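Take a look at the structure set out below.
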Amino acid sequence: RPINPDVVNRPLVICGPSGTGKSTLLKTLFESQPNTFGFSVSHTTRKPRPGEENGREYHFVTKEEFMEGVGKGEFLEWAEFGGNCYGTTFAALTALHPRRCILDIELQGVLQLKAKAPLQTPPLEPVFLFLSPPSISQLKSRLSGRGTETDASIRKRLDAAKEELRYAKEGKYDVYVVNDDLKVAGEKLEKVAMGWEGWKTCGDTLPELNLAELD
Amino acid sequence: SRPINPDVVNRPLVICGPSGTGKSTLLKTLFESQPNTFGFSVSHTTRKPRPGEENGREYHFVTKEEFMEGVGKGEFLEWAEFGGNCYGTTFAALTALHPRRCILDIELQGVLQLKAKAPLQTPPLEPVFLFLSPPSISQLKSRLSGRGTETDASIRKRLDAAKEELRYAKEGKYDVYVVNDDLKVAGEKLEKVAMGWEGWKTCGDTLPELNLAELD
Ligand SMILES: Nc1ncnc2c1ncn2[C@@H]1O[C@H](COP(=O)(O)OP(=O)(O)O)[C@@H](O)[C@H]1O
Ligand SMILES: Nc1ncnc2c1ncn2[C@@H]1O[C@H](COP(=O)(O)OP(=O)(O)O)[C@@H](O)[C@H]1O
Ligand SMILES: Nc1nc2c(ncn2[C@@H]2O[C@H](COP(=O)(O)O)[C@@H](O)[C@H]2O)c(=O)[nH]1
Ligand SMILES: Nc1nc2c(ncn2[C@@H]2O[C@H](COP(=O)(O)O)[C@@H](O)[C@H]2O)c(=O)[nH]1
């Protein structure tokens, strides 16, 4: 079944608390639908993880290089997260044509894109998908289980999750998916990414996440 | 005194330095000494006002969502995050100052952005970048705590930021360095630079030896 023409030019923006499973789910999608999606390679000033390569998951740059690019107008959006800078360059999106663009960004980037996308020529109409953990306890077990972050970074990431989840609870994302069972969540992501009939209503109710557990 | 040098009127003076060094203190005296000469760029920030601050004077105080909407709409010449809050210079804030010489109080990320962005404006913008240094790390800490407006967590973030700010400053790339030791001495140098009076390019200080490990 082919990708819906009505979503090919609508970038799919996936966001959610660190550790929820964004990278893991995207890998299942690209395996299930090869040569269909383009993953936007963001710039970041954080250091690479063992499984990461420069030019694959991120373009890893220094803070001075990052801010030079910002001043040069190279970024569609950028923001600071957990003490490091991240952003989507125009060139990273251009590199993905003609596949449907997929971006993995956080809330400040989402807010920028909601303002900026209508002002592009031609206007861009992203789809904003929020990927939720099934519980805060599972979020913490996944984030610590990944084993790539310092204790200081985990604290910053859990603190950021408070504002990310607070915004998510306002109901403004286009689709919500709870990443409980990987296969069930992956099937929903595939439906959303392919734009198949029913994708807008294929999503989940946000769980009752008491944010005080993030303290 | 003599009028402002025409050669610097259209060169924005960008002042930066570690939080607590004395930027606001010195600028307040500069503007009282030279009224109707300078325009102070009113940045946007998402931090909360301090007791002695008024919306529209020191800052345009906005929410984070308002700030990011403005960013996405292209309203900012530069912006950055500092100490967990956002700050930025809107194009409209500088337009509001013409024809006065623009004075900006921004941090290092904004400086780096402007160094890349100013040459690309039409016409090109040629700022003067001034670094204001504390005389010692111990005096930076006592000034920052003595102001009495920040939480302990905010002080920690500001001192941590000072490490990167001073590391960059030590590279020697600023146009002028002024050590804020004696307020009157530093004020005279700042006025000379802001007015562009003869000698301003050579009036600056050598950056002191500052042990950045003391910031912890
Ligand atoms: N549905 C799931 N069930 C169990 N573990 C999962 C699931 N999804 C992801 N994980 C694991 O959780 C951790 C965080 O996933 P990751 O994709 O790195 O998150 P993110 O990109 O959102 O920060 C990884 O160790 C990953 O293998
Ligand atoms: N030269 C100086 N000597 C002693 N204290 C100073 C001096 N300059 C400023 N201060 C004090 O240090 C504190 C920080 O000054 P401020 O102007 O608010 O710093 P900044 O704007 O760089 O963050 C204030 O309490 C101020 O009165
Ligand atoms: N705004 C923005 N956030 C990004 C970008 N790239 C990654 N992020 C976000 O930064 C956070 C941290 O990513 P990580 O360090 O775990 O790879 C995640 O929420 C991720 O979505 C980007 O290009 N822009
Ligand atoms: N980049 C940038 N930094 C700013 C701006 N306004 C204030 N800052 C910087 O933010 C830091 C904190 O400012 P404060 O909270 O003490 O007023 C200072 O270093 C100040 O120069 C702005 O418009 N842009």
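Letters A, B, ... are given to chains in the order of the sequence lines, protein chains preceding strands, and every chain is numbered from 1. The figures that follow rest on heavy atoms only: side chains count, while hydrogens, waters and symmetry mates do not. Note that ligands are numbered from 1 as they come in the structure, with each ligand's atoms numbered from 1 the same way.
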Compute whether any side-chain donor of one residue and acceptor of the other, for A:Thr44 and A:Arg46, lie under 3.5 angstrom apart. no
Where the closest heavy atom to atom 8 (N) of ligand 2 is concerned, which of B:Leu144, B:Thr25, B:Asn180 has it? B:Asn180
Between A:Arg157, A:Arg142, A:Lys27, flag the one that comes closest to atom 3 (N) of ligand 1 by a heavy atom. A:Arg142
If you measure every N/O of B:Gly22 against every N/O of ligand 2, is any gap under 3.5 Å? yes
Residue-ligand contact [X]/ligand 3, heavy atom below 4.0 Å:
X        : answer
A:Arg157 : yes
A:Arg46  : yes
A:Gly87  : yes

Run the salt-bridge test on B:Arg57 and B:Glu54 with the 4.0 Å N-O cut-off and return the result as yes or no. yes
One thing to verify: whether B:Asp160 and B:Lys163 come together as a salt bridge, which I'm taking to mean a side-chain N less than 4.0 angstrom from a carboxylate O. no
Below 3.5 angstrom, do we get any N/O pair linking [X] and ligand 1?
X        : value
A:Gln138 : no
A:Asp181 : no
A:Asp180 : yes

Ligand 3 contact on A:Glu77 by region, counting heavy-atom pairs under 4.0 Å: side chain
With backbone taken as N, CA, C and O and side chain as the heavy atoms from C-beta onward, which portion of A:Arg49 lies under 4.0 Å from ligand 3: side chain, backbone, both, or neither? side chain
Quick test: of every protein heavy atom, which one is nearest to [atom], and how far off is it to 0.1 Å?
atom                    : value
atom 21 (O) of ligand 1 : A:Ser23 N, 3.0 Å
atom 18 (O) of ligand 1 : A:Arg146 NH1, 2.8 Å
atom 20 (P) of ligand 1 : A:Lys22 N, 3.4 Å
atom 14 (C) of ligand 2 : B:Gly20 O, 3.4 Å

Under a 4.0 Å heavy-atom limit, does B:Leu26 contact ligand 2 with its side chain, its backbone, both, or neither? neither
Can you say whether the rings of B:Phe40 and B:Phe31 are parallel (under 30°), tilted (30 to 60°) or perpendicular (over 60°)? perpendicular
Got an N/O contact under 3.5 Å between [X] and ligand 3?
X        : answer
A:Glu106 : yes
A:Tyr86  : yes
A:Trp78  : no
A:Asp104 : yes

4.0 Å heavy-atom contact, B:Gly17 with ligand 2: no
Pair A:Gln138, A:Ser135 - check side chain to side chain donor-acceptor pair (under 3.5 Å), show working. CA-CA 5 Å; A:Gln138 183 63 205; A:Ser135 64; 5.2 Å; no
